[PDB]
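Structure, as structure tokens:
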2 protein chains.
Amino acid sequence: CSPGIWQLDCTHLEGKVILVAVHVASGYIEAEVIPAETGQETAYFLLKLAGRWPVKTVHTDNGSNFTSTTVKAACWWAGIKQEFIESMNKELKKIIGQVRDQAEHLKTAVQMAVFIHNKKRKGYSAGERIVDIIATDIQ
Amino acid sequence: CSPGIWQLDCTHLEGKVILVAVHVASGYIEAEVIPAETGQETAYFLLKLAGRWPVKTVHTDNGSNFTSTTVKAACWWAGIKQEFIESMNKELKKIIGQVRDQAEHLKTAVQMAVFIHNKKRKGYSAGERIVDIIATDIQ
Ligand SMILES: Cc1nc(NC(=O)NC2CCCCC2)c(C)c([C@H](OC(C)(C)C)C(=O)O)c1-c1ccc2c(c1C)CCCO2
Ligand SMILES: Cc1nc(NC(=O)NC2CCCCC2)c(C)c([C@H](OC(C)(C)C)C(=O)O)c1-c1ccc2c(c1C)CCCO2
């Protein structure tokens, strides 16, 4: 429940890679579809995320993801430390499946799924919860 | 100062296109580097943004950006309406210039610049302000 904790993983769909970030306290996510499951992709993603949110620690279900020099450079620069129960990859995958017919590209469907999950209330939505948590923590 | 208002534009650097989003009330931004300045890129960006934040209206300095069918589809689905003094593209560009030497790719420098701007206090930072504004508006 610490507010600066995020979880990062890659799932595979349609021979494509989806990078999924979860803010643990709230259940909010960001995701992107990447061409390849490399360290460079992760590092860049981390950079984007850190600029957006106050990211203090990151946990992953695959430790080897975080061994690249590039990833380390990103965590060093942005001041992120590594951390050593979702499972929203299933839920996200579920939502992607429902809307997949709607879009040509997998990435579009993924973004649609992110939108639905973050928005849905079950009574704040995750999108509401993350702002509430972060703002409160600020003062 | 309405909390759901965002501003979207493209600047050019190094023969590359940067899409920049500003949350007007706070000065917070998100940016991406895109290959080409197309409607499809914008639509996809909008989707990502809308999932992340509560986006009610979007203004741009180039109205023709928003004429593509693809963009319209994105605004329709996410419930965004069009809206008809930054100028942070200069400031962002300024920051990109300072750090450009640090990275090989322009995109990395851009993300670095986003991070610096959102973080900097001058006394909340923009990153703080956007959460404060959105959370407050929620209750
Ligand atoms: C509306 C839309 N179109 C395309 N591609 C097209 O060829 N569209 C032409 C537009 C002129 C008239 C004939 C059809 C695509 C590719 C998309 C989506 O792709 C992007 C990258 C643009 C998001 C897609 O993957 O389906 C869309 C589109 C755009 C936004 C959007 C949705 C779609 C289908 C679905 C709902 C969420 O918002
Ligand atoms: C550290 C880093 N490296 C590369 N590329 C490499 O070839 N790195 C190898 C790593 C093994 C030992 C020799 C050097 C790149 C391209 C980057 C940046 O690119 C990505 C896409 C990975 C972000 C870059 O554009 O410079 C970096 C890198 C990664 C993170 C990072 C920074 C850099 C330079 C700069 C500070 C912010 O965080």
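Starting from 1 in every chain, residues are counted up; chains themselves are A, B, ... following the order of the structure tokens, and ligands are numbered from 1 as listed.
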
Inset, instruction - Taking the DSSP assignment computed from this structure's backbone, write out as a VMD selection string all residues of range 68-107 of chain B that belong to alpha helix (DSSP H). - result: chain B and resid 69 to 78 88 to 99 106 to 107

Inset, instruction - Identify every residue of chain B that has at least one atom within 8 Å of any atom of chain A, counting only C-alpha atoms, and report the result as a list in words. - result: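 Result, ordered by chain then number: residues 30, 44, 47, 48, 50, 51, 52, 53, 108, 111, 112, 114, 115, 116, 118, 119, 127, 128, 131, 132, 134, 135 and 138 of chain B.
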
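Proximity to residue 66 in chain A at 9 Å, evaluated using only C-alpha atoms and with sequence-adjacent residues fewer than 5 positions away removed, yields residues 39, 42, 43, 60, 71, 72 and 82 of chain A.
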
Inset, instruction - Within 12 Å of residue 14 in chain A, counting only C-alpha atoms, which residues show up once you throw out same-chain ones fewer than 4 positions away? Write them as a count of residues only, please. - result: 11

Inset, instruction - For residue 89 in chain B, list every protein, DNA or RNA residue within 8 Å, evaluated using only C-alpha atoms, and leave out those in the same chain fewer than 3 positions away; present the list as a ChimeraX atom specification. - result: /B:11,20,86,92-93

Inset, instruction - For atom 18 (C, counted along the ligand's line) of ligand 2 and CA of residue 19 in chain A, quote the distance in Å rounded to one decimal. - result: 18.0 Å
